[PDB]
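Okay, so we've got a single protein chain in two different forms coming up as structure tokens, structure 1 first and structure 2 after it.
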Structure 1
């Protein structure tokens, strides 16, 4: 955990390897809540998109290129099915993805389309139909996202309304500024708990701000260098960002996607965070690679994000400081680098000789991270007893 990072953590966000003269769009479109719409689904994609997460793509097949070209004009949004119920095209929920970057090349007479898309509203899969062209246009119902008022907004006394605006939180994060302030906040916000049948701490267990504070505490305990700057302030965006960065298996991600309440999602994320222990090789099932304490963020989008290989394959990479039981094969290469400034060898499980990830080594001598590893999500098994 060196002492400092001098690397611009805003660089692995624009995906400079994909290109530079991207045709960007601004128009944001959200349809409604609880309606039925039919929208194309990209094939060859095996992932779950959490809302607010970005997705880079490289497409070669003529049908996908043609349908993306058509989709650019109509609404710029497609569907990313969960595809997690087994693997035989069983889908129940999915995420809408909107495109905000687009370019086309020629190559060796084969059209290549590079696209960056971001996650949006969730839906549920009702009916799926397959078209001869290749696009599996499906009928889905947009799942609604709801916010809830304060627990005391109904039982609060009118004479204490003027005392509901607390002074600004102190910035010196320390005791007597966190503990004392939070104690007074609990005592003043949930004073009307004496009018009900439940204590004050029970109501604090369902308070959004307290849950976000606890999640931030644990995140900073894992990532000491990480500061309370990049994390959002809205409960919904905060919950989605936390969900899109936990090194968990697929079932937990599905169950987090099913939840339609920010508070329930925050509580489930807290439980999962309390449960996570380590990661192991998927094929070997026993070889342990790295622990959660070594997870650290080189990007402002969290420790985990999705990138695209030079051939179209999308990998979700988790950055760690150290890795174990890995053997490197090949010569360090510096092309299509996802972290501008580093080089990438290919790493493979030392036992089953399966690809786990890459080891990115710095080129310039004056760079604080001199060697950090990247681990593919669909190559590791969460080792929770």
Structure 2
């Protein structure tokens, strides 16, 4: 079920435009400190560091705020929305601008900006400015890194037996179930000094957890070896958390976790314990079960795209989707996928908008076999 498509245009966000003022990322923070950052309202999105955000700006005061941010530290703060409305926020992330284009178009200003997350934080207070853009008191959250669990109890003499030869070949049977067995046998050999077996220590190994997650991802859809998957557990965990089909509360729980190992364990538990989905306002459907969650993009099954009216929707690309009805013609105006034509998909029961049917425009592609859902109404069970 493979189609000759270049999985770089959905990430490139070519639907907005091409003549974009490319900006290089050179922002950071002093780690675990108090800061003040302006917040752009009217955004309902839990954002993870490394996740791409496409934004459309309409109100003049928001345009002024983003322009001042550009002539400043070009980082705003995406707030974390819980179930309770009215800015019931306790966490958030900092988004960095790398993508600025104004274009007053019909004489407005419509700043089109694309940003990604860089750091996490917690809001201490939400100060409201009379201008219309609230600047909140921000405490930057450090990202903890932990050493190997065998470093403390390791035997000094058998430390030379700790550099294993590089992994043999790739994606080959018995090149993993034996190499990893030997790796566990030789790495956590000092577990005999403690009260816990080797497999328990491998349950907390950063490398082993990433290997398990990679196996599960390949079970979902074929990933091209090291298909842009970072070797660092930090970025790997962040990417996995970004691509998982989970609701807002699960995303904020993954965001508050401060250690990569705990994040990887939580993600592996989530995708080994959640199989059935549903849509809000029904709580009665199971459209698009896990075993068919494809990924027709570099970033993964889930990504962020924006309509021509500022509204941002995160979509889930799946192979098949039943229990749906169609309204409207297969338009090709502002489809986020250049080689596809979009159609409005309505829920067959609650008639609350979930999904978009897609059709064919070319030859070497999948004709009318495509679906992109939304997190507007999508929860796991």
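Heads up, when I say rigid core I mean the largest set of C-alphas that superpose within 1.5 Å between the two forms. Numbering follows the first chain given and starts at 1.
- Only one entry in 124, 258, 173, 103 has its C-alpha moved by 2 angstroms or more between the two structures when the rigid core is superposed, and that entry is 173.
- Core-aligned CA deviation for residue 286 between the two structures: less than 2 Å.
- Once the cores line up, the CA of residue 227 ends up 2 angstroms or more apart between the two structures.
- Relative to the superposed core, residue 363 undergoes a Cα shift smaller than 2 Å between the two structures.
- The shift recorded for the CA atom of residue 248 between the two structures is 1.1 Å, with superposition on the rigid core.
- For residue 319, the Cα shift between the two structures is 0.4 Å when the rigid core is held fixed in the overlay.
- Core-based superposition between the two structures puts the Cα shift at residue 352 at 2.1 Å.
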